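>
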Amino acid sequence: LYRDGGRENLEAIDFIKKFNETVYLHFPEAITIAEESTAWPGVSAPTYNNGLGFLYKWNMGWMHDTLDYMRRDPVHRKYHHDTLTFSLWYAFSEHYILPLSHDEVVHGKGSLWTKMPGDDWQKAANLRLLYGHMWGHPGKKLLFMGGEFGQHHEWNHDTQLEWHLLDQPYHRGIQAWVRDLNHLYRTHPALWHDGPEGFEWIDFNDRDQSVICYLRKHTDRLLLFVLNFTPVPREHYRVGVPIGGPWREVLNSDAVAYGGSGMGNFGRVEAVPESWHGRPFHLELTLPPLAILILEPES
Amino acid sequence: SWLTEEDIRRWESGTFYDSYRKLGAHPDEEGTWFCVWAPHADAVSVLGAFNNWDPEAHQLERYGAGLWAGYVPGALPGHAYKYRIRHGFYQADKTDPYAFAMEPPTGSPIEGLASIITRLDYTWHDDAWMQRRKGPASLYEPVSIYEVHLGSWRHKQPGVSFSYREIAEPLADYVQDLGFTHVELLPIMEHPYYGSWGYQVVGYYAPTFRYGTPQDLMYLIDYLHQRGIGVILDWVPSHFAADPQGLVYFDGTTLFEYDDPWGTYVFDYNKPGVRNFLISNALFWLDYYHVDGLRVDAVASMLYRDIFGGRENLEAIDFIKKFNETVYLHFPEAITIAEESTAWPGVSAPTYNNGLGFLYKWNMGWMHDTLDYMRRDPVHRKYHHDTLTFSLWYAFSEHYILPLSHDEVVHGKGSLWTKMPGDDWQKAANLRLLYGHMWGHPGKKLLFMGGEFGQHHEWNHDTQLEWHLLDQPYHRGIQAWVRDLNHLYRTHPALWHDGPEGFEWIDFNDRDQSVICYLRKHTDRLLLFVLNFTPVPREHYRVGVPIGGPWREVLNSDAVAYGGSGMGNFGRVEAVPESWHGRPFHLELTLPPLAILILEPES
Amino acid sequence: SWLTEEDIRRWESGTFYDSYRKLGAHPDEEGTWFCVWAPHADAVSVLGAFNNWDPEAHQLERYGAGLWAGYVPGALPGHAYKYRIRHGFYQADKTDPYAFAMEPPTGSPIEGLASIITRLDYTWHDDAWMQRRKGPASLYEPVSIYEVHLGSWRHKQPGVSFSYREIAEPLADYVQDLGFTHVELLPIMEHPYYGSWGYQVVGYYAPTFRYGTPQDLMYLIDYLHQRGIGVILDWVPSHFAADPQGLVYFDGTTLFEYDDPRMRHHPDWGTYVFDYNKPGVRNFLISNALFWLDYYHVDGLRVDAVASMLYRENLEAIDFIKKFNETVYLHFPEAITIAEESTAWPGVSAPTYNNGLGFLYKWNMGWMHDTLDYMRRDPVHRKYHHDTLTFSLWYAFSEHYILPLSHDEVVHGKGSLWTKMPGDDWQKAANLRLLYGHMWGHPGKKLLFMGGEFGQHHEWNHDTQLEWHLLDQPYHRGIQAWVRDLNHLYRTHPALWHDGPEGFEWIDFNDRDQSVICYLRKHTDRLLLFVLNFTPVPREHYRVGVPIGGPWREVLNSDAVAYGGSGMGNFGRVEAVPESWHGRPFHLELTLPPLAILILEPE
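Order-wise, the sequence lines are chains A, B and C. Quick note on numbering: the first sequence equals residues 311 to 314, 326 to 620 in full-length UniProt numbering. Quick note on numbering: the second sequence equals residues 2 to 262, 270 to 314, 324 to 620 in full-length UniProt numbering. Quick note on numbering: the third sequence equals residues 2 to 313, 329 to 619 in full-length UniProt numbering.
(1) Residues of the stretch 99-112 of chain B in Cβ contact with chain A at a cutoff of 9 Å, in chain order, please.
(2) Please report whether the beta-carbon of A/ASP515 lies at a distance below 8 Å from any beta-carbon of chain C.
(3) Shorter than 8 Å from the beta carbon of B/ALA115 to some beta carbon of chain A?
(4) Alpha carbons only, please: which of B/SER422, B/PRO420 and B/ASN380 is nearest the one belonging to B/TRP410?
(5) Three or more C-beta pairs closer than 8 Å, one from the stretch 167-182 of chain C and one from the stretch 191-211 of chain C: is that the case here?
(6) Using CA coordinates, which residue listed in C/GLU148, C/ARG134 and C/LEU572 is at the minimum distance from C/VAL426?
(7) Along chain C, in chain order, which residues have C-beta atoms closer than 9 Å to that of A/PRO618?
(8) Taking C-beta pairs closer than 7 Å, name the residues in chain C that A/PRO510 reaches, listed in chain order.
(9) I'd like to confirm the pairing. Which residues does DSSP put opposite B/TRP379 in its beta bridges?
(10) Could you work out which residue in A/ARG600, A/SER596, A/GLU570 and A/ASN447 is closest to A/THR607 when comparing CA atoms only?
(11) By the criterion of Cβ-Cβ separation under 8 Å, what are the contact partners of C/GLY583 in chain B?
(12) Any idea what DSSP makes of B/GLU148, helix, strand or coil?
(13) Once DSSP output is grouped into helix, strand and coil, what is the label at B/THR214?
(14) Check the C-beta distance from B/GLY494 over to B/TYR579 and give it rounded, since I have them as a contact under 8 Å.
(15) Got a sec: is the Cβ-Cβ distance from B/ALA50 to anything in chain A below 8 Å?
(16) One question on the structure: do C/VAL562 and C/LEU505 come within less than 8 Å of each other, judged by their Cβ atoms?
(17) Between the stretch 252-262 of chain C and the stretch 81-92 of chain C, do at least 3 Cβ pairs fall closer than 8 Å?
(18) Among the candidates C/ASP527, C/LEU536, C/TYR212 and C/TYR491, whose CA atom is the shortest distance from the CA of C/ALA511?
(19) Give, in chain order, every residue of the stretch 470-496 of chain C whose Cβ lies closer than 9 Å to some Cβ of chain B.
(20) Along the chain, which unbroken stretches of the beta strand (DSSP E) at least 3 residues long are found entirely within the stretch 72-129 of chain C?
(21) According to DSSP, is B/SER162 part of a helix, a strand, or is it coil?
(22) Grab the span of the beta strand (DSSP E) containing A/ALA612 for me, first residue to last.
(23) One question on the structure: do C/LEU376 and C/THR343 come within less than 8 Å of each other, judged by their Cβ atoms?
(24) Compute the Euclidean distance between the alpha carbons of A/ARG555 and A/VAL396, then round it to the nearest angstrom.
(25) Would B/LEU121 pass as an interface residue toward chain A - the criterion being a Cβ-Cβ separation below 8 Å?
(26) Can you list, in chain order, the residues of its chain with a C-beta nearer than 7 Å to that of B/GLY79? Leave out the 5 residues immediately preceding and following it.
(27) So, helix, strand or coil for B/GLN60, using DSSP?
(28) Consult DSSP for C/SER153 and reduce its assignment to one of helix, strand or coil.
(29) In the DSSP output, what is B/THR353 paired with across the bridge?
(30) Report yes or no: do three or more beta-carbon pairs, one from the stretch 137-147 of chain C and one from the stretch 107-126 of chain C, lie closer than 8 Å?
(31) Looking at C-alpha atoms only, which residue of C/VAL299, C/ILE287 and C/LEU179 is the closest neighbour of C/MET466?
(32) Are the beta-carbon atoms of C/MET219 and C/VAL202 separated by less than 8 Å?
(33) Give the interface partners of B/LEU61 over in chain A, defined as CB-CB distance under 8 Å, in chain order.
(34) Counting contacts by CB-CB distance shorter than 8 Å, is A/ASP441 in contact with chain C?
(35) For A/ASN477, count the other beta carbons within 10 Å of its own beta carbon; 16 or more makes it buried, fewer makes it exposed. Which is it?
(36) Quick one: grab the DSSP three-state call for C/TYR21.
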């Protein structure tokens, strides 16, 4: 896009547009995705809207900010709460694919696992938490090889991935957590719509306790996300909800099946009809350490 | 009151056979009723999310002798709950013995199992099957049972069992194609240890979570019934699992256990309360789950215990007798089966004749003898001929089910296929013969998963059967042989009557060539069985017969469709009006290698 | 007011294809709006419990285009209503043509159906189905339709049909077990005479009360979609029901019927044909097609007796038909329209711009008539009518055809499909499997009506449920098993998806004496070989030329014992012989079983 008259290469800008126009004309069901780390607008927008004509754009903003927040020690995550929450002001500017890629695990940048702070259990917890947020956050999902076990070293192409790590519990567990995350994504239509209608804020000001609650909805369907970014478990935590009635937790990052502490809400979580976070009802939940809770109303 | 004075009167009497209607957790629109049996308890409390696990929020009130009852508003279906029982200085958390559903809070059963408030509403579509089932009349009907472990049978993905729902349609299609009449399910009752196969039971009133919700199991049974298949459930009244959390020392003292010093996990049949819960669970499965049958295992462990000096546990014998009486009174068309490995007389006999009151008894003697005979090599079968012939002597003391089961295909005993001697063709031949004689032999039929195709590997609950073996021809042929056996069984009534009526010997004295001929006959109809237990083919072998004329070859084990050499008698054999085996006529037949021949007079 | 100037403009044009947005009864929490089209009425009023059934309480106001509108406070959902129309000297009570639900207030089996204020609100969960649903592209995908009458299919109790909800889980379970892709439901629109089967329609916009409320039906379709089954609706634009309060003489004059006295006379119906000249009729009918695809998420519409529409030539009907199909696919690009036309009217399945009628599919009745006629004959005589079987292929590519076996063909003394076939029971079942085998092999999509899949003896009786009790017998479960396996083959092997002339090759047709047929079904590399013996005499060493040499496997054999057959076949692998036959380089030397179809695949 930029050679650096103007800095823009219009040759390239017309080439990119005529590229996308030709592809979608000859193959109407193909997909073109672009990685652009400048903030060039309307990358994912149609050429007739003056866009470049890609269908998808990698959300490099989301990843950089998100990764930067995850890297910081939880004691400090208090002071960067605005970094995590503000990612969604930009989550709808393009059709976005949240992306974790080879580029983030090379040249001393470190494995996603290595990127995570704390002791070994905490690294798996933080890494499990991130993936939970990547799937809950609006946008499609991309994950590079080896991140699904949380492999230790940066991606080395001259060799094989660390498959031996699949025997140790923490790593076979992150793989299990991703498998179920993809299953939830595939089955629940509340996650298919990455538009603003598809996302609602529940609460964002628990900045001392570093807790974040948001909702992903399509029509009747609701999915509730509560994120504990600190190793402190939180008890008797109330979270506002749109509808009352029985709620069940469909996913708990801290479940033992994933290698977690094993706290969570086992029995039916029934809504309490007291207003919370500006919502008619609320759930009083237990938030496990460094864990993501996904909840569905019962049908 | 939650409990009527009649309700307490029958609990004390041991006549409360509806006790599931009142004990346990019973949902109401604003709250759940809780009812517990705890005679030596000083206090009982219900703990749950509905009270922030507060022990003083909802203390139970004793409503009668050893029963505690109370209502909790805000406890709703799907909540997990708990009993806190206080024995003086000490209190402990316990599961509901009458829990209708349980789920593991950890996600793994072996670390913990918790009671769930449950509603058992289900709309059934099996009315047509219900009226149709024979029950006691089944003795004169064909009873072929496929024994199953639901988790072990088929996996959707490696290491993941089929749901109650997911299994329904594959199993139903499978069972009809091979022609079995019932499925017998290894204990589905909630159990902590999967490796127990369900025989160490903690939740007698709860179907195991491993396969889904209670209604899911209800759907499966409903599904199978519409398809015309019956369901027999394995039931374990002999002993209970060892769980600190469940059953054992319920009040902090002995309750389901014997007060007197699987020892200590045995039910105290003396207590009226213990028989109440046990016989109600029996009726419970027939009532709420429309179950067609119950099979009680290790009955001898109940009958015996190892001035009076008596090894027979007379408590248990009356429990068994009153168990069986109660079932058939409330369910005249149920089926009760017992496995008792002692020669206890009249297991299958009615109580009024001093029998235990079962409808069917496993012919484990037959299974032992037959199997021991067929592992021996045909060269040696000459020398063990009496083990084959002697089985008939004891074939009529009980109404019997010939049984091949998981018990015989585990723990280094080897697959049924593995048991048979010789090379692969002979192994398939031997197994085809075993089933052939087993179907011809008097008694109902039971076969466990994987035996029907002759699986190589021992049955592993952590694994799914080697269905890939169905690509090999011999395994497919054994499956077809069994399919064809059940078709003949279902159609020819000469096999329906397992009494001395239906069996006549043709010849048992061919020890050198190890051949046996016998007859199966109800009224006019007769079926001829000729068995060659040696791989050496027999030519111009004469077998005496009652009727003359053309005889038909109804089944030939050695047919190529089953994987055999194809030696046979080509359809029609003509009977010769010459005497043989003390019979007026005889058929001169060709006996294929290691094969069973079924022949019919022509009609 | 209620009607905007645009709304009256479109109605006069004949362009109001969403007219239900404004016509009929539309509830508001305070009161209900009423809008009815009656241009030749001097007065029109709404009557209901909400005004003591007094005609002068609420007289609708005449707007433009003969449209009447009025609001009634206190009219609420579930209230019953009727229109009182005055034509000069005479007045009459009439039903709402746009009624969203009709109900008998009486509950009586014979009763007036009364329009009821209804709310159509419903939240759908069939997201995945509709986003991946494919209409016109299904031409190159397998389409297997199970045709159903909801009341006749299964009974919850004797004489009691299943609800839209109650049937949902049983019907979806059954269809999945047999592998059909879509269900075609005989007209569910409100009809007075249950015996009409739905073809006499009074409430085109109202689902029939017999099976429940509108939301129940929406749920049924929703459920079926989640289960991966498509729902095709039978739709009846050719004629409306004769009921005195219905569409007949609505405003006191001709409205939906032809104004002209002469062109009213019609042989099929007469007097009750729709006047396609009128924009209002075109509005009512075309909106209704879109109404069902929109509000009920319907996948397809099938129009019967199109020949009654095309001829009296009725240009207006044909332009209606053309604009119907054009409009449908304009609003729903993945919808499906099917036509049955009992003339050889060309280009039914052809696009409007090619001078076609614009349906995607046409019922292949030529195929149906010939095949049944051929198979009605005894195998001895089929020798003399060989051309009837083979010549179907001269006509198999004129349209996109759905080979059809329907309720029409198994009623009124035409005999059940089972009844139609000759010989003893084994032979009838053998022949029925061969007919099903050939229908699946023959080019075209597939439709089978309830009861054919098990070969029910008795003709379809709408007052009863199918003879499911026949599923106990071997022949009937086998035919059902054979249909399941045919459908499994259909869904997986793409050689059968392309019904174009490229997709079919003749291998042989001149075996008239032995009445054998070999034909080939191909897509690109993929091949399927069909060998059919229409006589009970088996043929051995039969050589059949093949395009490709090498190993061939027999994927399906109608004569397999699992299907109820004698069990003859070509065991496992078949190797092509490099010697020419049927003008082909290689050939397979096969054994052809009695009355059987072999389906063979290269390895």
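The beta carbon of each residue, even a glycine, is placed where N, CA and C say it ideally should be.
Quick answer:
(1) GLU104, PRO105, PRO106, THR107, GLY108, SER109 and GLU112
(2) no
(3) yes
(4) B/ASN380
(5) no
(6) C/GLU148
(7) Correct list: empty, because the minimum Cβ distance to chain C is about 13 Å.
(8) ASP128
(9) B/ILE418
(10) A/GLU570
(11) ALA578
(12) strand
(13) coil
(14) 4 Å
(15) yes
(16) no
(17) yes
(18) C/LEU536
(19) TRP484, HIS485, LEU487, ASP488, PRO490 and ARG493
(20) 81-88, 91-95 and 115-117
(21) strand
(22) 612-618
(23) no
(24) 15 Å
(25) no
(26) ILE117 and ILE118
(27) strand
(28) helix
(29) B/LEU302
(30) no
(31) C/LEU179
(32) no
(33) Within chain A, no residue comes near B/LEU61; the closest Cβ sits about 19 Å away, beyond 8 Å.
(34) no
(35) exposed
(36) helix
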